[PDB]
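Heavy-atom basis, side chains included; hydrogens, waters and symmetry copies ignored. Counting starts at 1 for both ligands and their atoms, in listed order. So you know, we letter chains A, B, ... as the sequences are listed, proteins then strands, and number each from 1.
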Amino acid sequence: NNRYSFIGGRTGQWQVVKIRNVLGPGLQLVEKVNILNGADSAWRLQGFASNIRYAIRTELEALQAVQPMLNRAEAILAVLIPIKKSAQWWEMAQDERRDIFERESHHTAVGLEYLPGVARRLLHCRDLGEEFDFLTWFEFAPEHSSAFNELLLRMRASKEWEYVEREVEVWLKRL
Amino acid sequence: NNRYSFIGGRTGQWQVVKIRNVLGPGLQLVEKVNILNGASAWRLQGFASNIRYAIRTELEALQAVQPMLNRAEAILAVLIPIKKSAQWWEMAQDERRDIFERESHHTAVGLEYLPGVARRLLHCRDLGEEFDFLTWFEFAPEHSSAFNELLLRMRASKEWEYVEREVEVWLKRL
Ligand code: HEM
Ligand code: HEM
């Protein structure tokens with residue numbers, strides 16, 4: 001099953017360290033997040049794992065060579081980052097979006113510099129009618145915390161991020 | 001709302017003319033199809049979504065000539081659920097784009113059939129449906145022959161070597 005739900009509330013596998021309401025309406029602070037594979041709580045986010053939309057074969061080969069698995073023993077820290085991009089983004093053609101995502105913003109090339117420390121999972125949810133477009137998930141050991149914070153500053157300055165209209169960070173610790 | 005459901009059964013806006021079970025398991029013949037914007041013998045559903053392959057110049061060409069849905073003359077339609085293979089879905093984005101257009105010329109061929117044929121593309125693989133896409137075409141009867149020719153051109157393409165299941169539900173507006 002390709003559907004995942006993230007329930008902000010009082011139960012779950014993950015303790016909420018902090019929530020940063022980066023842009024637009026935030027998410028209510030809660031004690032924990034419960035993650036269910038499938039479709040007292042304060043909010044629910046859901047999304048699906050999907051096929052590749054932008055990465056080219058050589059980029060997949062580079063990612064496959066180095067990206068770590070989810071659920072490593074040392075990956076006790078995580079961050080759930082729901083993101084919404086603008087109508088102007090979604091109206092663009094496929095070449096126009098690819099050009100912004102990689103040619104201008106270097107999303108893949110830049111992210112690669114933070115592997116293997118950072119593991120990730122990408123879910124999509126615009127097509128479900130959700131309030132966000134994407135749920136991004138990152139997990140890593142404390143030793144990569146500083147590197148992940150650097151990555152966030154670099155991505156938020158990119159051309160791609162000029163099309164982001166809502167964004168929240170839910171910082172988590174594995175219970 | 002971006003979700004559409006197609007219910008094969010006794011009620012609906014469309015009378016079934018015939019069903020051709022082109023490849024793989026078919027769909028049960030029924031009297032009518034009921035189309036509902038939102039989430040009898042069978043139900044198919046899918047969502048309208050962003051562009052996945054077409055480039056700007058292709059969209060400009062399509063926008064220059066493609067007709068709208070619900071033309072008064074467009075009393076015939078064809079619902080074509082399609083599933084593609086796992087090997088297709090594993091390919092990277094450039095690999096699929098190259099097959100879809102550089103090799104199979106999906107948009108360039110399809111454009112030869114506008115403005116006669118109007119269309120709508122729905123996606124459903126991500127919903128866990130048994131098909132990956134619901135495709136919808138509609139047109140006046142004078143384009144029936146051209147549309148049957150288009151179908152045979154597409155099925156000869158490299159892109160169609162990855163199609164694993166395909167049904168045609170032919171319909172007439174009530
Ligand atoms: C950690 C290293 C990272 C790597 C290796 C990476 C890589 C990728 C790749 C290859 C894709 C495209 C997948 C496809 O073709 O469909 C993607 C999508 C995306 N990534 Fe990252 N990423 C990283 C970090 C980040 C971070 C920190 C964020 C958010 C703050 C982010 C947000 C996104 C978004 C929103 C998308 C969807 C883009 C779209 O479809 O418009 N990524 N990522
Ligand atoms: C009538 C003229 C046609 C035109 C102008 C046309 C055009 C297109 C375009 C531009 C796309 C890509 C949309 C995107 O980038 O996301 C597409 C997708 C698709 N079309 Fe057509 N089409 C036509 C006929 C047909 C026919 C007759 C069929 C079925 C027999 C069909 C099956 C599909 C499928 C399954 C997809 C999804 C491709 C994928 O994402 O892998 N098309 N069509």
Where does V109(B) meet ligand 2, judged by heavy-atom distances below 4.0 Å: at the side chain, the backbone, both, or neither? neither

Out of all atoms in ligand 1, which are within 4.0 Å of some heavy atom of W89(A)? Include the element for each. 41 (O)

For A55(A), the ligand 1 atoms whose distance to one of its heavy atoms is below 4.0 Å: 15 (O)

Closer than 4.0 Å to some heavy atom of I82(B) - which atoms of ligand 2 meet that? 29 (C), 35 (C)

For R52(B), is at least one N or O under 3.5 Å away from an N or O on ligand 2? yes

For atom 7 (C) of ligand 2, grab the closest protein heavy atom and report residue, atom and distance to one decimal in Å. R119(B) NE, 3.5 Å

Nearest non-hydrogen atom to atom 11 (C) of ligand 1 belongs to which of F101(A), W90(A), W161(A), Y54(A)? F101(A)

Carboxylate-amine/guanidinium contact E168(B) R155(B), below 4.0 Å: yes

Can you spot which of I35(A), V170(A), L27(A) makes a side-chain contact (heavy atoms from CB on, under 4.5 Å) with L80(A)? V170(A)

Any donor-acceptor pair under 3.5 Å linking the side chain of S105(A) with the backbone of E102(A)? no

Have a look at ligand 1 and work out which part of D133(A), if any, has a heavy atom under 4.0 Å from it: side chain, backbone, both or neither. neither

What's the atom name of the N, O or S in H106(B) nearest to atom 21 (Fe) of ligand 2? NE2

Kindly check if the number of other-residue, nucleotide or ligand heavy atoms within 6.0 Å of CZ (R10(B)) is above 12? no

Mark up the atoms of ligand 2 that fall under 4.0 Å of a heavy atom belonging to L62(B), in ascending order. 5 (C), 10 (C)

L121(B) contact mode with ligand 2 (heavy-atom cut-off under 4.0 Å): side chain

Under 4.0 Å from a heavy atom of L151(B): give me the atoms of ligand 2 that qualify, with their elements. 27 (C), 30 (C)

Ligand 2-proximal atoms of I51(B), by part, heavy-atom distance under 4.0 Å: both

Which of the numbered atoms in ligand 1 are under 4.0 angstrom from any heavy atom belonging to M155(A)? 24 (C), 25 (C), 26 (C), 27 (C), 28 (C), 31 (C), 42 (N)

So is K84(B) polar-close to ligand 2, meaning N/O to N/O under 3.5 Å? yes

Quick check on salt bridge (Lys or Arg N to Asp or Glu O under 4.0 Å): which of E167(A), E160(A), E162(A) does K85(A) satisfy it with? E160(A)

For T108(A), the atoms of ligand 1 under 4.0 Å from one of its heavy atoms are 9 (C), 10 (C)

Could you tell me, atom by atom, which parts of ligand 2 come under 4.0 Å of a heavy atom of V117(B)? 1 (C)

Is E58(B) touching ligand 2 with its side chain, its backbone, both, or neither, if touching means heavy atoms under 4.0 Å apart? neither

Judged by heavy atoms only, the candidate from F139(B), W136(B), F137(B) nearest atom 26 (C) of ligand 2 is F137(B)

